[PDB]
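Read off the chains here:
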Amino acid sequence: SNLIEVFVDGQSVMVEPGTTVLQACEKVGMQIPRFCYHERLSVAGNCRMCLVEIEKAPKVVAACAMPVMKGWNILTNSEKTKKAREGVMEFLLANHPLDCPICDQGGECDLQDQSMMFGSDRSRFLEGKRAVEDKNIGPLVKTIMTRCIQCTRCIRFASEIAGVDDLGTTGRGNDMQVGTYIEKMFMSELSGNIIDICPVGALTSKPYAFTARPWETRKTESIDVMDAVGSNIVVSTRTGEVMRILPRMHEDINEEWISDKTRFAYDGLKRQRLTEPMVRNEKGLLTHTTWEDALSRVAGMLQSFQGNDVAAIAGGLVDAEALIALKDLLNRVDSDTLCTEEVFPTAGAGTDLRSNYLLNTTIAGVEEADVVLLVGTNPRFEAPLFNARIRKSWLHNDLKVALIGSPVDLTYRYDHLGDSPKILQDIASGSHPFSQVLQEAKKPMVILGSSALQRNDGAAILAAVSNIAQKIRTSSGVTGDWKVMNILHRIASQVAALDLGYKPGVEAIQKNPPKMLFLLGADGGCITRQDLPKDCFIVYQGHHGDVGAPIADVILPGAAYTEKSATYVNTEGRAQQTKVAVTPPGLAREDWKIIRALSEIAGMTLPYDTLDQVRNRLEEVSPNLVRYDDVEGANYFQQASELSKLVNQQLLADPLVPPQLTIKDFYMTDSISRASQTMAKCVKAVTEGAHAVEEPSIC
Amino acid sequence: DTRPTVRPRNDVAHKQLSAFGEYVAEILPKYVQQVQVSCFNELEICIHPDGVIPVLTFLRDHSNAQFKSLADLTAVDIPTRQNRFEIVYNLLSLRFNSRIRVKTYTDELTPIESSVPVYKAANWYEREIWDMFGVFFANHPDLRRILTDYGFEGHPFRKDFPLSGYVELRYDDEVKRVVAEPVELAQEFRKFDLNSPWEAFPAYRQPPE
Amino acid sequence: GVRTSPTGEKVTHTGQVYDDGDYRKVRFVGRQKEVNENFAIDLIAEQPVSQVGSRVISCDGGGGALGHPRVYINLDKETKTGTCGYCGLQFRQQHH
Amino acid sequence: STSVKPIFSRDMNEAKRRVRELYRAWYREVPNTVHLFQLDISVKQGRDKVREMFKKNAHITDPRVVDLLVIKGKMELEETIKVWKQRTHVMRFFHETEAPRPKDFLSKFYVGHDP
Amino acid sequence: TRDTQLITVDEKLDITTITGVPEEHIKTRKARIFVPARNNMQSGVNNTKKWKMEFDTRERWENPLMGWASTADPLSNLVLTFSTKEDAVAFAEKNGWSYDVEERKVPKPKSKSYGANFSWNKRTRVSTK
Amino acid sequence: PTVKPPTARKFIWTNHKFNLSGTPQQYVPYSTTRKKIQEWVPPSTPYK
Amino acid sequence: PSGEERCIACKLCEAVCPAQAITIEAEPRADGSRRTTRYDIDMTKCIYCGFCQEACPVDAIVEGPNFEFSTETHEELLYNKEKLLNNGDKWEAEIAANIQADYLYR
Amino acid sequence: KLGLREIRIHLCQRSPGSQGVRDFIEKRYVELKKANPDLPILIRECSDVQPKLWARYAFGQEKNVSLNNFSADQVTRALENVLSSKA
Ligand code: SF4
Ligand code: SF4
Ligand code: SF4
Ligand code: SF4
Ligand code: FES
Ligand SMILES: [K+]
Ligand SMILES: [Zn+2]
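The numbering scheme restarts from 1 for each chain and tracks the written sequence of that chain rather than necessarily the entry's numbering. Residues without coordinates are not displayed. Numbering of ligands from 1 and lettering of chains from A proceed in the order in which they are written. This view covers only part of a larger assembly, and the values given relate to that part. For side-chain calculations, the full set of non-hydrogen atoms in the structure is used, while hydrogens and water are omitted. Residues with missing side-chain atoms are left out of burial classes, side-chain pairs and their counts.

This deposited entry lists cryo-EM as its structure determination method and 2.84 Å as its resolution.

(A) Representation of the overall build of chain G. In terms of regular secondary structure, chain G is built from three helices and three strands. Helices and strands in chain G line up, N terminus first, as α-β-β-α-β-α. Summarising its shape, the C-alpha atoms of chain G cover approximately 40 × 35 × 25 Å along the three principal directions. Buried means the residue's accessible area, taken with a 1.4 Å probe over protein chains only, is under 20% of the maximum for its type, while exposed means over 50%, and partly exposed covers the values in between. Looking at chain G as a whole, 49% of its 106 residues qualify as buried. Only heavy atoms matter for contacts: two residues are in contact if any of them lie within 4.5 Å across the pair. Residue pairs in contact within chain G that sit at least 24 positions apart in sequence constitute 59% of those at least 6 positions apart. Charge counting follows a simple rule: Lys and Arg are positive, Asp and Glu are negative, and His as well as the terminal groups are ignored. Charged side chains are reduced to one point each, which is NZ for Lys, CZ for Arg, CG for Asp and CD for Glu. The centroid of the 11 positive side-chain charges in chain G is displaced by 5 Å from the centroid of its 20 negative side-chain charges. The numbering of helices and of strands both runs from the N terminus, where a helix is a DSSP run of H or I of at least 4 residues and a strand a run of E of at least 2.

(B) Looking closely at the site of ligand 1. Being near a molecule or strand, for a residue, means having at least one of its heavy atoms within 4 Å of it. In the region of ligand 1, the neighbouring residues are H96, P97, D99, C100, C103, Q105, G106, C109, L111, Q112, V200 and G201 of chain A. Partitioning the shell around ligand 1 into residue classes produces six nonpolar, five polar and one charged. When residues are sorted by character, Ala, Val, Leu, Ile, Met, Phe, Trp, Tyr, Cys and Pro go into the nonpolar class, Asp, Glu, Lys and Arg into the charged class, and all the rest, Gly among them, into the polar class.

(C) Examining the site of ligand 3 more closely. Around ligand 3, the surrounding shell consists of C17, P18, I22, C46, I47, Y48, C49, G50, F51, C52 and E63 of chain G. For the shell around ligand 3, a count of residues per class yields nine nonpolar, one polar and one charged.

(D) Structural context of the packing of aromatic side chains. Between rings of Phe, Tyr and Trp, where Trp is taken as its six-membered ring, a pair exists when centres lie within 6.5 Å; planes separated by under 30 degrees are stacked, by over 60 edge-to-face, and by other angles tilted. If you walk through the whole model with that rule in mind, you get 27 aromatic pairs over all chains. Here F152 of chain B and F161 of chain B contribute two aromatic rings whose centre-to-centre distance is 6.0 Å and whose plane-to-plane angle is 50°, an arrangement assigned as tilted. Accessibility expressed as a relative area gives 29% for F152 of chain B, which makes it partly exposed. Aromatic pair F105 of chain D and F109 of chain D: ring centres 6.4 Å apart, planes at 15°, arrangement stacked. In this pair, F105 of chain D and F109 of chain D both sit in helix α5 (residues 105-111), four residues apart, roughly one turn of the helix. Members of the aromatic cluster, joined through ring pairs, are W291, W592 and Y608 of chain A together with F105, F109 and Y110 of chain D. We count a charge as sitting over a ring when the NZ of a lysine or the CZ of an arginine lies within 6 Å of the ring centre and within 35 degrees of the ring normal. The ring of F666 of chain A is capped by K261 of chain A, whose NZ or CZ atom sits 4.8 Å from the centre of that ring. Against the face of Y27 of chain D rests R47 of chain D, its NZ or CZ located 3.7 Å from the ring centre.

(E) Summary view of a negative patch on the surface. Patch construction takes residues with relative accessible area above 30% that form no salt bridge. Like charges are linked within 9 Å, and nonpolar side chains (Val, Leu, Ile, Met, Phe, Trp, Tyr) are linked within 5 Å. Under the convention used here, a 1.4 Å probe and the Shrake-Rupley method define accessible areas, while residue burial counts only the protein chains that appear. A pairing counts as a salt bridge when a side-chain nitrogen of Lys or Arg comes within 4 Å of a carboxyl oxygen of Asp or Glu. On the surface, a cluster of negative charge is contributed by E98 and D114 of chain D together with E24 and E59 of chain E. Note that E24 of chain E resides in helix α1 (residues 24-27).

(F) Examining the interface of chain F and chain G more closely. Taken together, the contacts link 20 residues of chain F with 25 residues of chain G. Counting each side, the surface lost to burial between chain F and chain G is near 2000 Å², with a carbon and sulfur contribution of 51%. Accessible area, probed at 1.4 Å, shrinks when two parts are joined; the buried area is that loss added up over both. It is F11, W13 and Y27 of chain F that lose the most area in chain F upon contact with chain G, and together they represent 31% of the buried surface on that side. Taken together, the connections running from chain F to chain G amount to two salt bridges.

(G) Seen up close, the pairing of strand β3 (residues 51-55) of chain E. Residue and element names in this part refer to chain E. By the alternation rule, side chains of β3 split into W51, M53 and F55, which are all buried, and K52 and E54, of which none is buried. Each pair of strands is called paired provided DSSP finds at least two bridges between the two strands. Of the strand pairs in this sheet, strand β2 (residues 30-34) and β3 are connected by four bridges, and their pairing is antiparallel. Across the sheet, the residue bridging to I33 is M53, located in β3. In this sheet, strand β6 (residues 80-82) lies alongside β3 in antiparallel orientation, the contact comprising three bridges.

(H) The sheet that holds strand β1 (residues 22-28) of chain G, seen in detail. Residues and elements named next belong to chain G. Pairing is antiparallel across the open sheet formed by three strands, whose spatial order is β1-β2-β3. Every other strand in the sheet has two partners, leaving β1 and β3 (78-79) as the edge strands with one partner each. Across two bridges, the pairing between strand β2 (residues 34-42) and β3 is antiparallel. Along β3, the bridge assignment pairs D42 with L78.

(I) Representation of the packing of helix α18 (residues 637-647) of chain A against helix α1 (residues 19-35) of chain H in the model. Under this scheme, a helix contributes an axis fitted over its contacting stretch, all axes are lines through C-alpha atoms, and angles between N-to-C directions fall in the 0 to 180 degree range. Close contact between α18 of chain A and α1 of chain H brings their axes to 9 Å; oriented N to C, the two are set at 25°. By the criterion of interaxial angle, the relationship of α18 of chain A to α1 of chain H is roughly parallel. In terms of crossing hand, the pair formed by α18 of chain A and α1 of chain H is right-handed. In this structure, α18 of chain A uses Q639, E642, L643 and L646 of chain A to contact α1 of chain H, whose residues at the interface are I25, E26, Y29, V30, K33 and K34 of chain H. The residue inventory of the contact of α18 of chain A with α1 of chain H, partitioned by class, reads five nonpolar, one polar and four charged. Roughly parallel refers to an angle under 35 degrees, roughly antiparallel to one over 145, roughly perpendicular to one between 65 and 115, and oblique to any angle outside these ranges. Crossings are classed by handedness, with left-handed meaning an anticlockwise turn of the near helix from the far one by less than a right angle and right-handed meaning a clockwise turn.

(J) Inspection of the coordination of the potassium ion (ligand 6) at higher detail. All names here are of chain A. Protein coordination of the potassium ion (ligand 6) is provided by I195 (O), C198 (O), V200 (O) and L203 (O), with donor distances spanning 2.6 to 2.8 Å. In this description, a donor is an N, O or S atom within 2.8 Å of the metal centre, a cutoff extended to 3.2 Å for sodium, potassium and calcium. Water is not part of the atom list, which can make sites seem incomplete. Coordination of the potassium ion (ligand 6) draws on donor residues from a single chain, spaced I-x2-C-x1-V-x2-L in sequence. By the burial criterion, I195 is buried, and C198 matches it.

(K) Representation of helix α3 (residues 110-118) of chain A. Burial in α3 of chain A covers these residues: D110, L111, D113, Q114, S115 and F118 of chain A. The elements touched by buried residues of α3 of chain A are α2 (79-94) of chain A.

(L) Representation of the coordination of the zinc ion (ligand 7) within the structure. Residues and elements named next belong to chain C. With distances of 2.0 to 2.3 Å, the protein atoms coordinating the zinc ion (ligand 7) are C59 (SG), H68 (NE2), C84 (SG) and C87 (SG). Square planar and octahedral sites, with four and six donors, are those where opposite donors lie more than 155 degrees apart and all other angles lie between 65 and 115, tetrahedral sites have four donors with every angle between 85 and 135 degrees, and the rest are irregular. Geometry at the zinc ion (ligand 7) is tetrahedral, judged from its four donor atoms and the angles of 101 to 126° they form at the metal. Mapped onto the sequence, the residues coordinating the zinc ion (ligand 7) show the spacing C-x8-H-x15-C-x2-C. Note that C59 is positioned in strand β2 (residues 56-59) and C87 in the loop between β4 (82-83) and β5 (90-93), a separation of 28 residues in sequence. Judged by its relative accessible area of 5%, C59 is buried. A residue is classified by how much of its surface remains accessible, and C87, at 12% relative accessible area, is buried.

(M) Layout of unusual backbone geometry. Even without being a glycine, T362 of chain A presents a positive backbone phi close to 70°. Topologically, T362 of chain A is positioned in the loop between β16 (338-340) and β17 (371-375). For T362 of chain A, a relative accessible area of 21% corresponds to the partly exposed category. We note that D48 of chain H has phi near 55°; this positive angle belongs to a residue other than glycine. In this fold, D48 of chain H is placed in the loop between β2 (41-45) and β3 (52-57).

(N) Fine view of the sheet that holds strand β7 (residues 98-101) of chain E. All names here are of chain E. If you walk across this open sheet you meet the four strands as β6-β3-β2-β7, and the pairing is mixed. Looking at strand neighbours, the two that pair on one side only are β6 and β7, the edges of this open sheet. Adjacent strand axes in the sheet meet at a mean angle of 25° when their direction is disregarded. Where helix α2 (residues 85-94) meets the sheet, it contacts β2, β3, β6 and β7, and its direction lies at approximately 165° from that of β7.

Written out as structure tokens, the structure reads:
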């Protein structure tokens, strides 16, 4: 149609107008050398390493920035092209420090690799070299800025992805220095990602400093559970230890970024771990025992008690395989009190319909939206990668964003409608000026955070926000399949638990207090020992000792997300499976195997012994939990609204205050993160500065 | 040929070997599938596995060939190919001071015809291929393991065989004999990922899929 | 320096020592735990800081080709001493 | 596509003939093997083991695979008959030192993480 | 054509019995067929051109003497390379391994304009070069 | 060495040692790294 | 000469070792230096090829002159960092002189 | 006891065979939920799945009914079979 024709070394490729020489060479399989160009950042054209000859043209052009013109023949392997690369590399390495042995970027450095492939084998630089001061920008990123090649990728990322304009260039010429000029910390929910984009060792990870080398690490592709975005990751393991977390590219979720918590919270998996089964002795203190004894004590009470006397609570980092396993075990004693720690309104159609509790528009849908209304949520901290997607559309598609909550810093300017929930009624009635915007918007998007649903008036907010979506969606302006209502979850286990049939919240456990309680990773303190029948036999299964373990009568160690192959469902509803990178530490075991073993001890043996058999059971309870990396559409939104209108509850006067308001609340939200010492240094930094957290950095 | 560090090129051999490849293809169309000559001047003939004896006999006995010596006979495992095993014959002609490589293919279950009738050197080479790769050579005088231990189960040189194997040996005083047990390593072999993410040789760039 | 644990075992320059209840200290019964007494962390600190008159100094570690790769150290911050990433030697800029 | 060069057998009926012939040779040879190698097992034990090996593969239905298994068996016969093997090789079929490994879920659960 | 005199075999290809692999390392092992992710620390894409096959990770433990990493998994460092997913699936099937296939994640084509950095009315205007 | 003597460093041994195998002074290998996974210490108080 | 270890934990010796005889773990020292916490050579895996002293960029690991270190047990030949440092302090005078003689050929 | 504890309906979004199940959800599901408030009726859509009706009775016993090529009325009767008759 509008495609033009260009030639790359004589081979024809049809490219859309506006395409660059670079992008054209990709379609024939050639990767132009690069140091400054990044496909997800703005073009800069400053490294000059992409220079490529166009036949019948006397000047080399920067492929990263020059659009192709019809008829151009691109000579990627010509002498002029090859000599341009050698010259540029020679300038890059002239003042570069001889630090490869002491530089953590060794073995995964683009300057090293591109020197070998596109550069000379020797130097003709007989002069002295430049040296630069080191700059402290926090406890997560180490700066050895003498290694900087002035590519300005960090400057562009902070401005164009993180929304923070704290990195820049000071001076000019050979003395031009990237930094903050002042002593400042580049603290953000996406700070760590400047480490990856920096092609050299100028920016490196402080926690990972000196621990390993790229070639000696085994790469395991798993998923992140610190949030509900389900960011795809790579777990680098050496000799049965976890060394670092790296992003794995998924276009429709995390692109190629991860949050700092995902990146730097892996070190809490090496502290405060549960390694051996524990039971209470006569004195009343937990003592180490064996799986045989501990499982026998637990099974005896399970046989004795029955019905509502048996209950369970699921935490934030629980896998679907264990959730269904526990459900079956408690069902076989005729107990349906399967509960979570995260509230979701049970009024109306509750969890009967998926659409009622999913981000139906998908993460990628935000790019196609025209208006976004955020209610009772700080997406910057509840879902760092989801906010980054909003800011992208804000920047490239000129999206309009409105918020009904406390005025927070989302890294992009937004229209603050107010904080009281009552504004949601006005937006429906039409009084509020923003009502016309949603009505004039072809593809509006309404997002309610699960944080706001934890309020005692949560069911009212959901129906009000649902009512808004119905009106504009029903009006012919909205398209055939655009889905306007969305719920943004902050917990990784919630969606799977809701899909599987768990009751959201611990309300049912306070209506009918249980005499036996299974705490399956529940460290949020929702239910304590002041809310249960005295003499409760509590069983805590998990990987960390935080809040649930010290109150339990039996402790059954379990694996973490790095140690098991488990299914997690994101806020979209997409199911993704982790993979084993290391194995469970001491006498710890896989979560679903502990329950399966317990069932056999108790006589209620479950019908699965392998992972592939418990995943078949997941299909029976919900076929979507085995379709990995596929988003399954949910419909029947009108049916859900009709049911919601019936009850009519009353909104409270309390303003919507998000649980997390500043960065300091971001870093510690779960057991793994609370154990981490790196997330403890981050918290100390954003509360006092680098006055004390600053550390020597010599190499 | 005045570049100190670059291997000199010999075009006279390239023209000579290329012509002889056309010579073989014209004479043996029934089996020859491909003929190629390399940059460093080596001729390779690629044949259907049913022409091993015809092609080898012609090369040995034809007066414009006389490849009387079988320097080597080996195999290569390429799992991605549906016929994973590539059988390679390297031959030497003393009369013409030349070498030729003959290639054919087979899979796990399909036999190849033994070349012992053509070269008596192939007896042990074919035994090694069977022992190491599991390829069966039909009508062999005595096909049996040659390099592996007695009773060894598996074909070590296949790309799917673990480097350290499945079993290990030790002496047990209870039974007063050497016994085999499953392999456990005090230090696991450390797999290093060395390949660079940046292409090195453009001329071999494979067409995009 | 070598400090001894309550059990009597010598601690290494990596901080390694077997705790009281570890069975692996039986390997030292009738034999010895070999520990180098020269702790490199203590010996480098003894070396005096070098006063130089430039914003940038080079270090090869001494011996030329028998040292370490040559690096250049910035001395423009007066709240710290420039340190070599290879040899650990410290340098300071002398007030002109 | 399905047309493939055979090894020896053209159909499973012709192949199963070679399996039975091979069992005959093995059954005759156990009595001599126990005597020659001076094993401490009974002839019945050895003939039971031969039956076990022949039973392991009792599911195959491909003529070519059965031919290879017969070929491999016959090779092991030449080794044992000609005393190329040794007492250690013959007794590796019986796995005497390997203590029994657990084969129930609970037993596997108590010991380790393996399936 | 081929005159060897051929036979028809309508069974599926299964070579498990003639590979010498212990039974435990066939039935209980799960293969992973994937295109390796690009290392996010480098921008090259030459290690994403071919399919791989790996196996499930199993226990590694510390040697009591020296603290090394000890394993009992023979297929720990086994990685196979394939040109296509179909080729890999065929190889796993004939060897009797259970497998999970994960589809290739290709970078999406994008719109890159150096002019947009200097827009007159848009938010793409950059504040620094 | 009586003519061209070795260079003097502080860290060099002053007293040479002959092979110490088979004696109480023999070298016994051990790991020089500290523990990797810390373990949760249960509370010292009796809950309830 | 200061007494500071030359090794910076670059792990080039570990990578080039044809026998996988070298095991290295590193962490930042209390003074921020890149130094090893583990440096183990299995001398029953070593082939005494000298690749690890060629690869070293700081002349830290060397194959010394001694050949009379036969042992009565296998365990005595699994060398750790302390053993290798004591050997350096034991043999430094000879090692340095030999390097002085051959470093111009290297 | 031995009564009903849960109902699960599985279907596809775009298949022809599941059209009947989609009709019940669009029209008669709302009526059903009001009639049986505290019972959990779970509708879970997923592409290319044979429609089915799962019922969980007390102590873990479960039954399944295939709804393939069922008209909406048949679906209503089948649900009435489950709700009326209990195991
Ligand atoms: S960034 Fe580090 S690894 Fe890369 S060339 Fe510079 S010193 Fe070497
Ligand atoms: S610090 Fe790294 S990313 Fe930033 S300009 Fe320098 S080389 Fe580029
Ligand atoms: S000399 Fe020994 S330790 Fe050094 S590289 Fe060679 S084999 Fe490895
Ligand atoms: S001994 Fe040398 S090569 Fe080996 S890690 Fe230390 S500095 Fe690097
Ligand atoms: S990639 Fe084009 S100038 Fe840097
Ligand atoms: K970097
Ligand atoms: Zn120095």
